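First, one chain by itself in structure tokens, the form deposited in one PDB entry.
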């Protein structure tokens, strides 16, 4: 039938789009410049529909003369979230970002990034003759590939949309997994730093050319940029400000922080990933004793890059999974039974603290009492299943 022919041809053509839709940042060595090159495309959603493509071409070279690491081909996977500060009057962007290297299967610089690192960003721009500046500050935690920053336009109104400046405004904060440590050029160039140059082509519109110096100044990682844009159309998507600010929707900063706290309970050594030993330790603490092979099978069923561990973005994907309403409810039932160790249908204060302390939290009885009090609708001093449901909902 014609409708069947349409449907199947449609699927095929849509499949081409999904199969060919490279969203990752692809990195290759540039041995002749003792550095790297990258290319990728950014899809900027246009207000009221459509996308504005931005083709990125990138090259990086060391500032110092110390030896650096030149990588085999690989990529970075980026999850970004843009938001606003309700208390901020200046034109601004709040940014949360997780970035993880992958694509390859199973020293001084690395040490600089094991903890939380303060970040300063400064950009002076010229787009079609319009002069502007941006300042940003925040922190980087390369262990989880995490960035949190706030940027301000210090010259008033930004003459271009914030999302077009995201890639320009610190890939040294990417998480490189253990088996890819020898492929992290960005950290290897530290503390002296690297130069990062891009041309960014906005299709049917102008282009940005950027040059940046990324280096430590004392204990702060600093990104200092010059940007120049040319050939932009007065009422194009850029100068005409026709791009969406943030994506609809997104699991929000607060929820992510909750999942991260949960993640830390498993990631006992704080190295940014969960191993079989760590999952085993957690399960053993709650009374379950699966074998090493079983733990490996368990991790495999939710391991996306086959590295044998669950990193934070993998943890997030597992927990953000859709779930049928029936599965969701049964999962909550199973969770209740975990808390309710004696199976009497009520979570006591003693059972709550046993669970949390075993997971690796350090609560006083008074803190446990307050959690109980929060959920204890009928005031009997315990949390029944119905009360537990509300609390988890």
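Residue numbers count along the first chain shown, from 1.
Residues with no coordinates between residue 106 and residue 107 in the deposited sequence, how many: none, 1 to 3, 4 to 9, or 10 or more?
Gap size class: 10 or more residues without coordinates, per the record.
Residues without coordinates, deposited sequence, stretch from residue 225 to residue 226: is the count none, 1 to 3, 4 to 9, or 10 or more?
In the deposited sequence, nothing is left without coordinates between these two.
Test of understanding: from the entry's C-alpha B-factors, which stretch has the higher mean, 225-233 or 313-321?
It is 313-321.
Looking at the deposited entry, does 177-185 or 249-257 carry the larger mean Cα B-factor?
The deposited B-factors put 249-257 ahead on the C-alpha mean.
Using only the C-alpha B-factors in the record, can you name which of 95, 165, 304, 214 has the highest?
Highest C-alpha B-factor among the listed options: 304.
Would you mind finding, among 220, 155, 87, 73, the residue with the largest C-alpha temperature factor in the entry?
The C-alpha B-factor peaks, among 220, 155, 87, 73, at 87.
Could you place residue 172 in the lowest, middle or highest third of its chain by Cα temperature factor, using the values in the record?
Within its chain, residue 172 is a lowest-third residue by C-alpha B-factor, going by the deposited values.
Per the entry's values, where does residue 36 land by CA temperature factor relative to the rest of its chain, in the lowest, middle or highest third?
It falls in the bottom third of the chain.
Lowest, middle or highest third: where is residue 142 by C-alpha B factor in its chain?
Answer is lowest: the recorded C-alpha B-factor places it there.
Splitting the chain's C-alpha B-factors into thirds, which one does residue 382 fall into?
Lowest third - that is where residue 382 ends up once the chain's C-alpha B-factors are sorted.
Ranking every modelled residue in this chain by its Cα temperature factor as given in the entry, which third contains residue 287?
For residue 287, whose C-alpha B-factor we compare with every modelled residue in the chain, the answer is the highest third.
The same protein also has a form deposited in another entry, omitted here; what follows describes it.
Do residue 141 and residue 289 belong to one and the same rigid part between this form and the one not shown?
Per C-alpha fit, residue 141 does not go with residue 289.
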